[PDB]
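Chains as they are written, first to last, in PDB author numbering: chain B, 438 to 485; chain A, 2 to 49.
Here's what the structure looks like:
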């Protein structure tokens with residue numbers, strides 16, 4: 438709600454002050470990372 | 002006159018040295034481990 442305005446039913450966070458002077462939002466959550474690594478397991482090495 | 006055969010039999014230790022005398026003249030190299038057995042496939046995920 439914006440005081441002294443003619444438009445009704447406004448939504449969305451503002452570019453005015455998205456932080457309210459307060460601090461960063463903190464989120465604790467997990468993340469999975471499935472990837473095709475290049476890695477020579479044990480080979481290509483002297484057999485001695 | 003049979004001394005030559007008893008000789009060739011007898012003094013057959015030194016030969017050993019000579020062989021490595023070849024080796025000290027010889028080049029030497031090693032060959033890294035090879036990875037045997039079949040290998041699994043991997044295509045591509047549904048690409049959109």
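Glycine is no exception: its CB is placed at the ideal position from the N, C-alpha and C atoms.
Can you tell me whether DSSP reads residue 33(A) as helix, strand or coil? DSSP places residue 33(A) within a strand segment (E or B) once states are collapsed to three.
Run through chain B and tell me which residues come within less than 8 angstroms of residue 33(A), C-beta to C-beta. Simply 480, 481, 482, 483, 484.
Between which two residues does the alpha helix (DSSP H) containing residue 38(A) stretch? Where residue 38(A) is concerned, there is no enclosing alpha helix (DSSP H), given that its DSSP letter is neither H nor E.
Spatial distance of residue 442(B) from residue 457(B) (CA atoms): Linking residue 442(B) to residue 457(B) through their CA atoms gives a straight-line distance of about 21 angstroms.
CB-CB under 8 angstroms to residue 447(B), same chain, minus the five flanking residues each way: which ones, in chain order? If the five residues before and after residue 447(B) are omitted, its C-beta is found closer than 8 angstroms to the C-beta atoms of 438, 439, all from its own chain and listed in chain order.
Residue 47(A) to residue 480(B), Cα distance in whole Å? Between residue 47(A) and residue 480(B), the C-alpha separation is close to 32 angstroms.
Taking the alpha-carbon of residue 34(A) as reference, which of 485(B), 453(B), 452(B) has the nearest alpha-carbon? Closest in C-alpha terms to residue 34(A), from the list 485(B), 453(B), 452(B), comes 485(B).
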